[PDB]
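In: So I've got this experimental structure, pasted below with the sequence.
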2 protein chains.
Amino acid sequence: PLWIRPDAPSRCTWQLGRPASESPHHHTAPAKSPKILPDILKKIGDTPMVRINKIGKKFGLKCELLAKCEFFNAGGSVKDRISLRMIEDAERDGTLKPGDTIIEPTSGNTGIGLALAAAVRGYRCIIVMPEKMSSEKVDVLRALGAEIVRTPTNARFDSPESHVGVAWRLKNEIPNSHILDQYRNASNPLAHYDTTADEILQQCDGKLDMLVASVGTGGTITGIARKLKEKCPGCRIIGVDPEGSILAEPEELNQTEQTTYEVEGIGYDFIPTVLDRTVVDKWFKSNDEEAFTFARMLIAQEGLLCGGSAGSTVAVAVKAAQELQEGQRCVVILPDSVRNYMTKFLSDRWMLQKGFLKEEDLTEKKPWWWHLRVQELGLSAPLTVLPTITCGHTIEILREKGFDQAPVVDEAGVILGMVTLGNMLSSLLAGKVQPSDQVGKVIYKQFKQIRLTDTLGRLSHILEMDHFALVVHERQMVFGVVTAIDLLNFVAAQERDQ
Amino acid sequence: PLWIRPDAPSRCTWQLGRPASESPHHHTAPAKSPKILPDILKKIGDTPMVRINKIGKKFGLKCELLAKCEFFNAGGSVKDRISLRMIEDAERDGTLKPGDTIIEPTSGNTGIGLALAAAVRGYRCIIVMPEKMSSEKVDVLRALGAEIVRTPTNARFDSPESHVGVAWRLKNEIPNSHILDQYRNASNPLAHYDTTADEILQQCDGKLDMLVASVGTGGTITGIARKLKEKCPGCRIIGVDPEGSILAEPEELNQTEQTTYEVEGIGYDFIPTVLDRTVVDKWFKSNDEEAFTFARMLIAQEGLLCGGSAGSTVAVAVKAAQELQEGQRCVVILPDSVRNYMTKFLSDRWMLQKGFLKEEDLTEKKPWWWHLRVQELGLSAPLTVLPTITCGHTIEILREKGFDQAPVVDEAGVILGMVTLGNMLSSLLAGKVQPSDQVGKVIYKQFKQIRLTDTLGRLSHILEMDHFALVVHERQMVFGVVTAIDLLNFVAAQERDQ
Ligand code: HEM
Ligand code: HEM
Ligand SMILES: *Cc1c(COP(=O)(O)O)cnc(C)c1O
Ligand SMILES: *Cc1c(COP(=O)(O)O)cnc(C)c1O
């Protein structure tokens, strides 16, 4: 029966204070990045340590708050590291032959790093990930050439349908295939122990008072915390676990209602082999709301384009470093980029749909003019023209009636678009078009519709995807054409009273 | 009348051979990146020079093909550079006060860099971009806190509705607002002349035989080509223009049918001030197909996650460096990341929808088993259960009938999902659930449907978004449940004949 248990307790005999000389493992030092990178894989590591200027103090931190930004790696996640190490170690092992197939269960970042490295190094790749993870990860993977298999999100790691189970079943059916097994592989936390912690230590010049990291496989926090407990004994290690996962200690903290959560990449229903919970000094629970709030905040305030787990981490950090005082510094790990989450926590519609943003929370911060009917804009019914009308003729019409723009509406009363006087003239002067040509040749095709009873805020959101907003009867009937500028002119006029 | 013409010829008096001492402009040297970055903006520049190993030789290049990967910048595009420079110069100018509003017309990358820098440095930001650009750019921008206005893509730069026009109209209506004007600003090509070209020169140790870049505002190719013609006179400069734009020389090359194209960020209906076409040694036309092909190829082969303009560039480069021979090297500029294009050229559905991929081109590379009806899988009609059934009871049923899994179908014949024997047992042993509990507590909710007449390839694509594929009558009737593994077992059996 070959399925190796991912939650198997660690056989590692490391304990704080064992001389490094005693370690069986193969260790690699970070190497200086060259002038010319010979391949893309060398762009992994040497990530920037960027300071958190605003978010720290907004919450009243007396300390220095640092972020190790790992989304600057080639694959765009902290997983690219282990992804390299694993494969490289698997080549020195002689276990991984050229042309072999690599199969991995993953949150999907590890999958990205691996499929990438495969694309470069000529390995076939098969990634198994939960149904929960974002479609962006899928798009990137399929672009890298990796075959993709999905597993239910409700599956237990014990059950055959889980990503671990499906990975193994695939290994057993496929020749020359290996499972690099990020949960049990020593290469994973060794990646962080050898490089990431060396980096964090060098960048901080040895002075470090706290570290905070979200816990996945547990490789990051483990690998870091071991080298930290060795080289920086004073440093406290703080873990972040989502509600619904079991990772945190003590167990009391795990008692909760939801078994599912929206944050991708962190937390599990089992304790992975590579996770050493003994090196973690304190655990904190984060939830989905805290996560996305603080992620959005990282973006808007610090200008770090990063994913949700990062939000969980920082949300925890501002609570955890409160005990710190001036002169101390706290490093926080930011795992991956916004690239994965584009249609999820980055999109307001999804945030509403999943109920993290209440419409109230939005509306309170919004201006006076936000809740107002569009009718109050002073719209004027525009002249309409047929698509089959002739250009110069339309100019004659627009000038003769004194109109600057017209919606082009079909014979059937279907609005096809817009033509503007300006674009017409400019197009003519240039000889791009003739006075005898169809007006369709110059029509701006794209627009959006609204009721006279819609809120101006609605208009705002629309005006972010379109230039023209046609207020329409519930028709061939256009009560008005509203652009962004017109809304401006409205508000600015309402200003010159006070 | 304040609208400054973007296509205004350059007032720059530089000509090759003027001593740099004579230059009026303020020049900045690239600075060594610190241990701790004090803010994120310091992550701009020092981009990697990564070699192209496969794509070069596949097309028979005898030369060394290098890529300057600019998507590693903080905002994820080459625009972050000018975005910094512009703002920084605007602060030394004393023109930009704290709290001022910055308004920019843009392809959207410049907008991202600018809005980012605004988020960091406390400037209000308003970005005007065409309706054509991708919604991802919008999502990122809105996340950074920038207000967004869109303009028709058919608008001429002369007409008031163009992004340039709308930008200016906004400057004129808004107090404390400035237009940094990437088309006319010297800060833009000076950014590349001062840093990017210094970088390219250092990384290549002075030996460079060719440079290829796509042309936007023209800042990149200009700024680079000037310092190149000064410091590396032998180097040929090659520009890339999309079909439908006017940028290329001589004019004969521009004669074309389409006025529109899908590639974002490059090409224009006018020649920007900052573009110096005299330093460009030869021009090449690229189109949409070449672009997306080669972009996808960059990803799949070289593992560079990058956008379309990059594809145009490389597609040109493999044609242009053919004249080169062994021992020479050619640098190619890769502007931005895949982040922007996720739902466009990265998604196969969009590639089909826009007709760049013909279904034939796909099907030819696909295996023997690709065109086969799903019926040929040997499906077995599964036992169905009600959502209201009890857990232990379902176990009794599944074991008693020898079935391992059942679709959970509603009383109304609506399929709600799946329960598997394994997940049931594992859940019970763990005490997560009781024998008396509703089966709904453990249902895998997500699946997809197919006809018995569907192609196995269809099944493949589906099996990338879902674990379960339920083949269904056109109903309460499930002819079978197909997972990825089952398709594997099918094919692998069809293998053991030969
Ligand atoms: C003096 C230091 C260390 C010693 C003596 C040591 C020793 C060992 C040994 C002997 C094993 C294999 C047990 C077996 O399979 O029979 C092992 C496994 C492992 N080691 Fe270490 N180790 C050290 C440090 C580390 C560090 C710093 C890390 C990473 C943070 C690490 C990661 C692992 C992992 C993930 C395993 C796999 C556990 C398993 O296969 O069940 N080791 N270690
Ligand atoms: C010895 C070298 C150079 C000299 C003497 C020089 C001179 C000038 C002068 C005098 C102007 C302003 C004309 C006016 O507004 O009255 C100008 C504008 C400008 N310069 Fe240079 N320049 C040099 C190099 C460069 C380089 C290397 C770049 C960037 C690649 C550059 C970029 C620009 C740009 C974009 C303008 C704006 C043109 C306009 O406002 O219409 N200059 N230059
Ligand atoms: C894997 C991952 C983590 C967790 O890192 P571990 O080393 O597994 O603890 C956090 N966030 C994201 C996005 C991840 O992919
Ligand atoms: C701006 C841009 C370019 C062109 O660079 P220029 O310096 O304007 O010539 C190419 N690709 C993308 C994605 C861009 O945003």
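Out: Ah, there it is. Numbers count the residues shown, from 1 in each chain, chains lettered A, B, ... in the order given. Ligands and ions are numbered 1, 2, ... in the order given.

In: Send me stretch A:338-358 as PDB with only the CA atoms.
Out: What follows is stretch A:338-358, C-alpha atoms only, in PDB (Å, rounded to 0.1, in the frame of the first residue of the first chain):
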ATOM      1  CA  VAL A 338      -1.900  39.800  -5.900                       C
ATOM      2  CA  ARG A 339      -1.600  38.000  -9.200                       C
ATOM      3  CA  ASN A 340      -3.400  35.000  -7.900                       C
ATOM      4  CA  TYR A 341      -6.300  36.800  -6.200                       C
ATOM      5  CA  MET A 342      -7.200  39.300  -9.000                       C
ATOM      6  CA  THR A 343     -10.800  38.200  -9.300                       C
ATOM      7  CA  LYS A 344     -11.200  37.300  -5.600                       C
ATOM      8  CA  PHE A 345     -10.300  39.800  -2.800                       C
ATOM      9  CA  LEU A 346      -9.000  42.400  -5.200                       C
ATOM     10  CA  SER A 347     -12.400  42.700  -6.900                       C
ATOM     11  CA  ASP A 348     -15.000  44.700  -4.900                       C
ATOM     12  CA  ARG A 349     -17.800  42.600  -6.400                       C
ATOM     13  CA  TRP A 350     -16.400  39.400  -5.000                       C
ATOM     14  CA  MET A 351     -15.800  41.100  -1.600                       C
ATOM     15  CA  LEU A 352     -19.500  42.000  -1.500                       C
ATOM     16  CA  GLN A 353     -20.600  38.700  -2.800                       C
ATOM     17  CA  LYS A 354     -18.700  36.900  -0.100                       C
ATOM     18  CA  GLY A 355     -20.000  39.500   2.500                       C
ATOM     19  CA  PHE A 356     -16.600  40.800   3.800                       C
ATOM     20  CA  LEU A 357     -17.500  44.300   2.800                       C
ATOM     21  CA  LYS A 358     -20.900  45.400   4.000                       C
END
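
In: quick one: buried residues of that stretch?
Out: Residues of stretch A:338-358 classed as buried: A:338-347, A:350-351, A:356-357 (neighbour count, 16 or more other C-beta atoms under 10 Å in any protein chain shown). Where you see a C-beta, it was placed from the backbone N, CA and C, and this is true even at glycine.

In: Now tabulate those in CSV and tack on distance to residue A:311 and secondary structure.
Out: Output for the buried residues of stretch A:338-358, formatted as CSV (distance: C-beta to C-beta, whole Å; DSSP: H, G, I helix; E, B strand; the rest coil):
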residue, distance to residue A:311, secondary structure
A:338, 11, helix
A:339, 15, helix
A:340, 13, helix
A:341, 10, helix
A:342, 15, coil
A:343, 17, coil
A:344, 12, coil
A:345, 8, coil
A:346, 12, coil
A:347, 15, coil
A:350, 15, helix
A:351, 12, helix
A:356, 11, coil
A:357, 14, coil
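
In: near chain B, from those?
Out: Contacts with chain B within those, as defined by C-beta under 8 Å from any C-beta of the partner chain: A:338, A:339, A:342, A:343, A:346, A:347.

In: Taking these, tell me the two that lie furthest apart.
Out: Within those, A:339 and A:347 form the most distant pair, 13.5 Å apart (C-beta to C-beta).

In: any residues in contact with both of the two?
Out: Residues touching both residue A:339 and residue A:347 (C-beta atoms under 8 Å, 6 or more residues apart in numbering or on different chains): none.

In: Name the nearest of the buried residues of stretch A:338-358 relative to ligand 1.
Out: residue A:340 (25.9 Å; C-beta to the nearest ligand atom).

In: what's near enough to touch the closest one?
Out: Contacts for residue A:340 were tallied using C-beta under 8 Å, 6+ apart; they are A:76, A:77, A:108, A:109, A:134, A:136, A:137, A:264, A:307.

In: Secondary structure element holding the closest residue in space to residue A:96 that isn't next to it in sequence?
Out: The shortest distance from residue A:96 to any residue other than its chain neighbours is 3.8 Å, reached at residue A:90 (C-beta to C-beta, 6 or more residues apart in numbering or on different chains). In this structure, residue A:90 is located in helix A:79-92 according to DSSP states H and E.

In: ok so, going back, using JSON lines, lay out the ones next to chain B among the buried residues of stretch A:338-358 together with distance to ligand 3.
Out: Output for those, formatted as JSON lines (distance: C-beta to the nearest ligand atom, whole Å):
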{"residue": "A:338", "distance to ligand 3": "11"}
{"residue": "A:339", "distance to ligand 3": "11"}
{"residue": "A:342", "distance to ligand 3": "14"}
{"residue": "A:343", "distance to ligand 3": "16"}
{"residue": "A:346", "distance to ligand 3": "14"}
{"residue": "A:347", "distance to ligand 3": "18"}
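
In: Neighbours of residue A:274, how many?
Out: Residues near residue A:274, counting by other C-beta atoms under 10 Å in any protein chain shown, number 28.

In: measure it to residue A:197 for me?
Out: According to C-beta to C-beta, to the nearest Å, residue A:274 and residue A:197 sit 15 Å apart.

In: so how far is residue B:443 from the residue nearest to residue A:413 when sequence neighbours are not counted?
Out: Nearest residue to residue A:413 in three dimensions, chain neighbours excluded: residue A:476, at 3.3 Å (C-beta to C-beta, 6+ apart). For residue A:476, the distance to residue B:443 (C-beta to C-beta) stands at 49 Å.

In: who has more neighbours, those two?
Out: The neighbour comparison of residue A:476 against residue B:443 (other C-beta under 10 Å) goes to residue B:443, with 20 against 14.

In: Next, work out how far apart that one and residue B:392 are.
Out: Taking C-beta to C-beta, one finds residue B:443 at 16 Å from residue B:392.

In: Nearest residue to the most centrally placed residue in chain A in space, ignoring adjacent ones along the chain?
Out: Geometric centre of chain A, nearest residue: residue A:338, 2.6 Å, by C-alpha atoms, centre = their mean. Counting by C-beta to C-beta, 6+ apart, residue A:338 lies nearest to residue A:305, which is 4.5 Å off, once chain neighbours are set aside.

In: what are the phi and psi angles of the one you found?
Out: phi -90, psi 110 (degrees, to the nearest 10).

In: residues near it, how many?
Out: 27.

In: Looks like it contacts residue A:76 (just checking).
Out: No. Applying C-beta atoms under 8 Å as the test, residue A:305 and residue A:76 come out as separate, 10.0 Å apart.

In: Overlap in contacts, the two.
Out: Shared contacts of residue A:305 and residue A:76 (C-beta under 8 Å, 6+ apart): residue A:337.

In: how about the residues of chain A that lie near ligand 1?
Out: Chain A comes close to ligand 1 at residues A:8, A:10-14, A:18, A:20, A:22-25, A:184, A:186, A:189-190, A:193, A:222-223, A:226, A:273-274, as judged by C-beta under 6 Å from any ligand atom.
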